[PDB]
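The chain below stands alone and is given as structure tokens, in the form deposited in one PDB entry.
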């Protein structure tokens, strides 16, 4: 059955299916977007017959090939019309990017050499959609970035804001310097791949550290050299700046200057974006001037980034009106999820939710700040893509499952299990939390409650927990050895080990609850203690960083259930046999 991510604006399925044609005639192969034609030719290995076979027509509005279907093509940037029936196939973009988007949709329809009969009219609700490379921690590799960009094109994200922290040429002081040949050629390769995948490579300059005519000049000259390298989209960051540099009139002046002498002078600049000094409502001064002045003086064609009501927050109608009213334009949203650079011992693999689905007209852009774990971030990235394309049809849970099935088809259920219990951030200085382990929350609560007050627990809840731990160990072991996405596995390995140990500990603790005799109980107790020690070992030796070192997993519901069940059963044991076992859950070498 027809599943499409992102879901099209309009879709009609006929409940018939046609074969991908053995023999086809291609119309418009020459005048249509070469990137789209390339995908189409990839999917086709029947024979191009010049006078026979099923017509396939590909083109942008105004091409000869799609003249007949012009009224069906949506009048929206990046829009397209796609049609499949017995007679013919139509892939008609409103523009070149739209034709490519058609083809991305077409590739998802094609299953086992068969196509549904369908008619689609489609376009994005939000103008700019993608990823800002905006996390602290170990930068992504070159290969990681190439793989991201291909994923962005598949999910119709048109925006990549480049900024690896190990590249000094977009930061102080080296922003003034041209890229040396080797680095330039690498960035060049990113640009080429971004272009092939219809993604805007947005080169971000971060000069905030370092206001005269000559600084203005050097920036403009640098922008020019990045143009020669093939860059067509640009961002200027002021999150960074202090003192005089925080003056919004002077920020506007430089940006309006860049617009006039560079962006308006070139034939083909797409995005010009700035990040303001006050970038969320919490960190702005209600008693000050900065956002209204920016909104007044900054040219209308320049985007202003915004994180919402707080630095980590989900965007609401009230939030978006607050900012738009000040900047006098639709805010370009920077969403600080799934970035984990302030909770580095946690993976954030849960669904994308919380953003208001009715406000697409009030946002110019929506970009996600991801984790230092590139592959792992694809779960949220795919979901963001889906949300930003079609927010009205956004389905958090189905999109989450679809992302997981896309990223790891050979072990989707196992990754779902792992991801379900690795979602929450735990307590943190931003107060931002996510749900986790919702499937077993009721079983866990009722189990604890009963076990607490020396009332009997339900056998079914015991079994649910038992089943959960068994499933976690199966999932951990299958994921560790999975070779379909080795980079993914490499990223999560430390947590997978910790997650397996958590499950083993849970099983041992359940055996203490059933405790048949004193000797068996003591065996399980000693095993639990040794497993706690291994978890500390991993916590002390993996993922070491100055900020949140180590590895935490299943922290919201599962680990606390195990900890409390352990402390309770040990206290019961101590009372019964008049013993003095340590009931604590965090072992300690001192």
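Numbering follows the first chain given and starts at 1. Rigid core: the largest C-alpha set superposing within 1.5 Å between the two forms.
Just so it is clear, the following notes concern the form deposited in another entry, a form of the same protein that is not shown.
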| remark: Across 151, 290, 169, 342, the single C-alpha shifting 2 angstroms or more between the shown form and the other one with the core held fixed is at 169
| message | Given a core-based superposition, decide whether the C-alpha of residue 62 shifts by 2 Å or more between the shown form and the other one. | response | no
| said: Could you check, with the core superposed, whether the Cα atom of residue 46 shifts 2 Å or more between the shown form and the other one? | reply: yes
| said: Is residue 394 displaced by at least 2 Å at its C-alpha between the shown form and the other one when the rigid core is overlaid? | reply: no
| request: Since the C-alpha distance between residue 22 and residue 50 changes by 3 Å or more in that other deposited form, give its direction relative to the shown form: closer or farther. | output: closer
| Closer or farther apart in that other deposited form, the C-alpha atoms of residue 72 and residue 46, for a change of 3 Å or more? | farther
